[PDB]
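Report on the following structure.
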Amino acid sequence: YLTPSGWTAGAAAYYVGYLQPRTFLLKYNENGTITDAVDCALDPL
Amino acid sequence: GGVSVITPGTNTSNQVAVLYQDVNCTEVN
Amino acid sequence: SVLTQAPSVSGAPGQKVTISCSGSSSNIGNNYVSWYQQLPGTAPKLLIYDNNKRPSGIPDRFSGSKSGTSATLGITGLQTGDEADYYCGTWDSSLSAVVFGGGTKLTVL
Amino acid sequence: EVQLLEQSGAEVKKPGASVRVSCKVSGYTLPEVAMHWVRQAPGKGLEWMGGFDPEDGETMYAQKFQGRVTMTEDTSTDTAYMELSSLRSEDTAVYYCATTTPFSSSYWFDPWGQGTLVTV
Numbered sequence: 248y249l250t251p256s257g258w259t260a261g262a263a264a265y266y267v268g269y270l271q272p273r274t275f276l277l278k279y280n281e282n283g284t285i286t287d288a289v290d291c292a293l294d295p296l
Numbered sequence: 593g594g595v596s597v598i599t600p601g602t603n604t605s606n607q608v609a610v611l612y613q614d615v616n617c618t619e620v641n
Numbered sequence: 002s003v004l005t006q007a008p009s010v011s012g013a014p015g016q017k018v019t020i021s022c023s024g025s026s027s028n029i030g031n032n033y034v035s036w037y038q039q040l041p042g043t044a045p046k047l048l049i050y051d052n053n054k055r056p057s058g059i060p061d062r063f064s065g066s067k068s069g070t071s072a073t074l075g076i077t078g079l080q081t082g083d084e085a086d087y088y089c090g091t092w093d094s095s096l097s098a099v100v101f102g103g104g105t106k107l108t109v110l
Numbered sequence: 001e002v003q004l005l006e007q008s009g010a011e012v013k014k015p016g017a018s019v020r021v022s023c024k025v026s027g028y029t030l031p032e033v034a035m036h037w038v039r040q041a042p043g044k045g046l047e048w049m050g051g052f053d054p055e056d057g058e059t060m061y062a063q064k065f066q067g068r069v070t071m072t073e074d075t076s077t078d079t080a081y082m083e084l085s086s087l088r089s090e091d092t093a094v095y096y097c098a099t100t101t102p103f104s105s106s107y108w109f110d111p112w113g114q115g116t117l118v119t120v
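Structure follows, in structure tokens:
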């Protein structure tokens, strides 16, 4: 409004990451949901 | 050269000892 | 119109004098008071709205207050180009419209 | 902030006619500011008229000038027409266009367009 054109309401923050073609391990559950996921090109373990 | 990982059980710890076989780490604690 | 304010008031330069507006509970009591300024042969410019809020481009030297049925426009630091007519205006629930005062032709000596 | 355009301009008519007042806007658009109007006769005071109601979302009209004065709005080209009719003697005056905030609860007319005289 007339604040004693006009935009910028609220405050905005988000996150951006990029994807890479790298092997992953996927531990499915008894309900078929992914719980554990360990990378392959991350560290020796 | 080969890269072989020495580990105690993951449940015991997550520390790792990387042994490079057929390679002196002059190359690459 | 229905409101009450003197047609003209006089004062010295750089001194302190306010301008009053006598109304009723039907127009000032339950509604907000606005003060406008107009120069000879020009357009009325809003001085103050609600008597405690200043529009964009209004000096901080202007103030106002609402004492029951009366509304005072406090005018501090009068200048030479301050001589203009100030209009008191309020909403009306009796007529349910926009009403104004007679106007105050202030004169800075 | 906002640049208000001319409302009608130089308009002169002999007795027995009718004239519109199309208040134009720039910097904003039409359905984001409420319209209002003020009669201002030369050597007289203010006489509020027209208006958009912050409550009811309706476009007001002066109770003293009901039926005689009407208004339409074209939001794209932002033209707010104010139609006069039934010309009388004391009708000649400056017809100011003004505006209040879109949301609600505003009595002030901060931007206006220097008004328009008519002819009787």
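Chains as they are written, first to last, in the deposited numbering: chain A, 248 to 251, 256 to 296; chain B, 593 to 620, 641; chain C, 2 to 110; chain D, 1 to 120. Quick reminder that beta carbons are idealized off the backbone N, C-alpha and C, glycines included.
How far does the beta strand (DSSP E) with residue i in it extend, from its first residue to its last?
i, result
"residue 1(C)", "Here chain C covers residues 2 to 110 and nothing more, so residue 1(C) does not appear."
"residue 604(B)", "Segment: none, residue 604(B) is in no beta strand (DSSP E) and carries neither H nor E."
"residue 113(C)", "Here chain C comprises residues numbered 2 to 110, so residue 113(C) is not present and cannot be evaluated."
"residue 611(B)", "609-613"
"residue 65(C)", "63-68"
"residue 101(C)", "98-101"
"residue 617(B)", "Run containing residue 617(B): none; DSSP gives neither H nor E here."
"residue 21(D)", "20-23"
"residue 50(C)", "46-50"
"residue 90(C)", "86-93"
"residue 46(D)", "46-49"
"residue 57(C)", "Note, residue 57(C): premise wrong, no beta strand (DSSP E); not H, not E."
Let me confirm a value: residue i is counted as buried when at least 16 other C-beta atoms fall within 10 Å, else exposed. Which label applies?
i, result
"residue 20(C)", "buried"
"residue 88(D)", "exposed"
"residue 260(A)", "exposed"
"residue 620(B)", "exposed"
"residue 80(D)", "buried"
"residue 103(D)", "exposed"
"residue 604(B)", "exposed"
Specify the secondary structure class of residue i as computed by DSSP and reduced to three states.
i, result
"residue 91(D)", "helix"
"residue 12(C)", "strand"
"residue 290(A)", "strand"
"residue 594(B)", "strand"
"residue 30(C)", "helix"
"residue 110(D)", "coil"
"residue 66(D)", "coil"
"residue 78(D)", "coil"
"residue 257(A)", "coil"
"residue 81(C)", "helix"
"residue 1(D)", "coil"
"residue 30(D)", "helix"
"residue 296(A)", "coil"
"residue 39(D)", "strand"
"residue 37(C)", "strand"
"residue 60(D)", "coil"
"residue 3(C)", "coil"
Do you know whose CA, among the options, lies nearest residue i's CA?
i, options, result
"residue 39(C)", "60(C), 88(C), 4(C) and 94(C)", "88(C)"
"residue 90(C)", "52(C), 12(C), 10(C) and 15(C)", "52(C)"
"residue 276(A)", "257(A), 294(A) and 289(A)", "289(A)"
"residue 76(C)", "100(C), 70(C) and 84(C)", "84(C)"
"residue 185(D)", "68(D), 19(D) and 35(D)", "The displayed coordinates of chain D run from 1 to 120. Any statement about residue 185(D) would go beyond what the structure contains."
"residue 14(C)", "82(C), 97(C) and 92(C)", "82(C)"
"residue 97(D)", "120(D), 3(D) and 38(D)", "38(D)"
"residue 25(D)", "33(D), 41(D), 16(D) and 4(D)", "4(D)"
"residue 113(D)", "14(D), 22(D) and 15(D)", "22(D)"
"residue 256(A)", "93(D), 20(D), 32(D) and 90(D)", "32(D)"
Exercise for the section: Taking 8 Å as the threshold, find out whether the segment 46-60 of chain C comes into contact with the segment 12-27 of chain C through three or more Cβ pairs. Expected result: Look at the beta carbons and you see the segment 46-60 of chain C not touching the segment 12-27 of chain C: under three pairs across the two are nearer than 8 Å.
Handout entry: Contact between the segment 63-77 of chain D and the segment 9-17 of chain D (3+ Cβ pairs under 8 Å)
Key = Contact between the segment 63-77 of chain D and the segment 9-17 of chain D is absent, because fewer than three Cβ pairs lie under 8 Å.
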